[PDB]
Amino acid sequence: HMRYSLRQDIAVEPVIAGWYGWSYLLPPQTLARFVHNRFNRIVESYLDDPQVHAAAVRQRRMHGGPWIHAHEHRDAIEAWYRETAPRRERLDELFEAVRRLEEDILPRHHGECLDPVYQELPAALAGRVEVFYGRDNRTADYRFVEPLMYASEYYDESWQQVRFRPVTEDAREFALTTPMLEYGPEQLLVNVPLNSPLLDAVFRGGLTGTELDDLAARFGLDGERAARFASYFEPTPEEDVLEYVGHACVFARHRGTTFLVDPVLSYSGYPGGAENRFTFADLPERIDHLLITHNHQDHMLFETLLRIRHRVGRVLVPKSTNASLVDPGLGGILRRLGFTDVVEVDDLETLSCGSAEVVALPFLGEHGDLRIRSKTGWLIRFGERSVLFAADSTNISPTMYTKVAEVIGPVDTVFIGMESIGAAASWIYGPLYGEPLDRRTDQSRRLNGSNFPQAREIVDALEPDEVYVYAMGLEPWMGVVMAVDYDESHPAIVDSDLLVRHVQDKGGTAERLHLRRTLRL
């Protein structure tokens, strides 16, 4: 009996409360802030004049701004907006409760026992927060008891969906500001929790035709919708490597153990695409260790994560207990996505992984000076050979990498990002703030990685033989999550050219990676 698997050219996009899914949309407290302060404003702006959004989207320099890219579908958006009104109002109860805690309850205390705060808590937060004083012993603060927030009614799995659609080209349009509706007859929007075993059945494949119908039924699909689901399937078709796959994503194998860092893959089975890409079909059966450096949209892509989930053994992430709006727990987020073996690792702790050893390295900067602990570089020692994936690590704190080198010893290879001009922090995180900063102050708070002198100092402290600049946002499929417009005048490109020369002139190898590349190890 014939067996079928998901086509390689069909993307399954994640959806949370109508929007393309990413980390900060899963915890209810942070969803509530984004809905209230960002998403409702984008929709209401659109429904008051669709032509402004049309005019912005018509221009590539505006891509990544607060614009609905599906501007021709006013009625669908309007109906979607009115049907979900009770979900917005439930969530606004959590929004208001946090506001009340922050503005009306906590600032009334000045160093005395905080027991009376708990007796005054809004119902949405009762039993689900902890309060305490900061370092001055007088200014009250709080954090969330995160798993009780996920157990609350404000975390609602029925608001989660996926949208199936074909992929017809390498480039992807910016997706984070457009409601995720079934805009065309080729697309299918299905109600399903992002952690569902049903999604695993989909991605694992190997199903008979009748099994596919059982699966379609468990998804509540019938009729032409079930036939469309079926049409997304087609008859089903070990020594060392290090492979640069794209942006910050690198694949390795060592003595049979596999590793994938900051995962982002592209698709295949459509004509006209670039050649020699590392796509989903190139993945091995098992990904023993998945490593994530930090919680930025371009390093943890839900769409990629859900598709590879069924192959993954263990996930490694940086450790945080902040349990705040700017820094929700990454491990908790990954477990809500259905990853069941997640390990958090602190500064300079070591963990053995197959035949290799992984060490977490400090990662400072690139987070707009927010109190965010969820970031690290990963050093992997593959026997005698050690590789650092530094992602967007900076050298804003001079001497740290010298101090780190004194503990970790020598490193042979360094992948380092050089996105030296980054977005304003308020663009990514502003909806989470209690109130805005004044505008000129806000402008100084950016999400910058290493420029040339910063990278130079890191490489000099660590003394690798090979240095690759990566994580530059050049691959067209990264357009889902960032603006991908490139020229060799860009300060970032110039600064990477300097770094590459610097390293060449010291006797090492160096290169800014552009597209897939097989490598030493």
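All residue numbers refer to positions in the sequence shown, first residue = 1.
Going from residue 237 to residue 238, you skip over 10 or more residues of the deposited sequence that the entry leaves unmodelled. Here the stretch with the larger average CA B-factor, out of 67 to 75 and 300 to 308, is 67 to 75. Comparing 156 to 164 with 278 to 286, the higher mean C-alpha B-factor in the PDB entry belongs to 278 to 286. For the set 184, 147, 368, 431, the PDB entry puts the maximum C-alpha B factor at 184.
Sort the modelled residues of the chain by CA B factor and residue 486 lands in the highest third. Split the chain's modelled residues into thirds by C-alpha temperature factor. Residue 10 is in the middle one. Residue 38: CA B factor in the middle third of modelled residues in this chain (values from the PDB entry). Among the modelled residues of its chain, residue 437 has a C-alpha B-factor that falls in the middle third according to the deposited record.
Annotation for residue 133: CA B-factor lies in the lowest third of the chain's modelled residues.
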